[PDB]
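In: Turn this into a model:
(chains A and B, ligands or ions: 1)
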Amino acid sequence: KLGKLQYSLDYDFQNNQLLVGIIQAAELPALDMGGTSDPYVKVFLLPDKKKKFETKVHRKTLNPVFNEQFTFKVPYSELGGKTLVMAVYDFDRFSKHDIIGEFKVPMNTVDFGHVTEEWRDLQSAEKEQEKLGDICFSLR
Amino acid sequence: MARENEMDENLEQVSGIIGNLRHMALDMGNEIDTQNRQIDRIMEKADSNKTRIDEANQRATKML
Ligand SMILES: [Mg+2]
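Out: Numbering: from 1, shown residues only, chains lettered A, B, ... in the order given. Shown next is the structure:
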């Protein structure tokens, strides 16, 4: 309900690197005072959360246009089992930056060869039990 | 030489206009490509919904 996100995806086989472009976003819900939020998008490889990339902060727009580009130096063999995460955050100067949305893209569903660029609907990020342990015994 | 220069000016203008035509041709072609990709997407989704609605119609008329 927050809005949609237009992004670009393609792989450069000449340098063996992933080219992820953040085009823009639309119809984002407002969380700030003026009637518009201050959005910025954090993008990182889904498999390992290392070297996350963040875009510049846009002031008071529910339709931010970033038109930015990020490069993930990852071989083509490892790429297949690697996912992409694009999460939209709301900037706040005096508090925690609340997450507006998130989107995950499996690299086995992605087809490289033609330059991909699409709009995808944003969804609410996941917050389960912490322990995840089990004990087995018998009663008689 | 006036004959020649006049012609020279003409050729220069033609040069500039040709350059602009080049730029326009590039923008044109690029956007044509992107729109073609979009059309491919449209036909994918349209076939998907075609199958969806055929199966759904069959299942709906099944309970009649
Ligand atoms: Mg704010």
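
In: quick one: the helices in the chain?
Out: This is for chain A. In chain A, the segments counted as helices under DSSP state H are A:76-79.

In: The chain in question should be chain B.
Out: Secondary structure of chain B (DSSP H): helices at B:2-62.

In: So residue A:108 sits against residue A:81, correct?
Out: Yes - counting by Cβ atoms under 8 Å, residue A:81 is a contact partner of residue A:108 at 7.4 Å. Every C-beta, even on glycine, is put in place using the N, C-alpha and C of the backbone.

In: got the contact list for the spatially most central residue of chain A?
Out: Note on chain A: the residue nearest the mean C-alpha position is residue A:86, at 0.8 Å, using Cα atoms, centre = their mean. By Cβ atoms under 8 Å, 6 or more residues apart in numbering or on different chains, residue A:86 lies in contact with A:5, A:7, A:22, A:41-43, A:102-103, A:105.

In: Just the CA atoms of stretch A:16-32, as CSV, please.
Out: What follows is stretch A:16-32, C-alpha atoms only, in CSV (Å, rounded to 0.1, in the frame of the first residue of the first chain):
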residue,chain,number,x,y,z
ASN,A,16,32.2,-9.7,-14.1
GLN,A,17,30.1,-7.4,-12.0
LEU,A,18,26.5,-6.9,-11.2
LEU,A,19,25.0,-3.5,-12.2
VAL,A,20,22.0,-2.5,-10.0
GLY,A,21,20.3,0.7,-10.9
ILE,A,22,17.8,2.4,-8.6
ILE,A,23,15.5,4.4,-10.9
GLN,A,24,12.7,5.7,-8.7
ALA,A,25,9.7,5.0,-6.5
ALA,A,26,6.0,6.1,-6.5
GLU,A,27,2.9,6.4,-4.3
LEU,A,28,4.9,6.1,-1.1
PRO,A,29,2.8,6.6,2.1
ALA,A,30,3.5,9.7,4.1
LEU,A,31,4.9,9.3,7.6
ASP,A,32,6.3,12.8,8.2
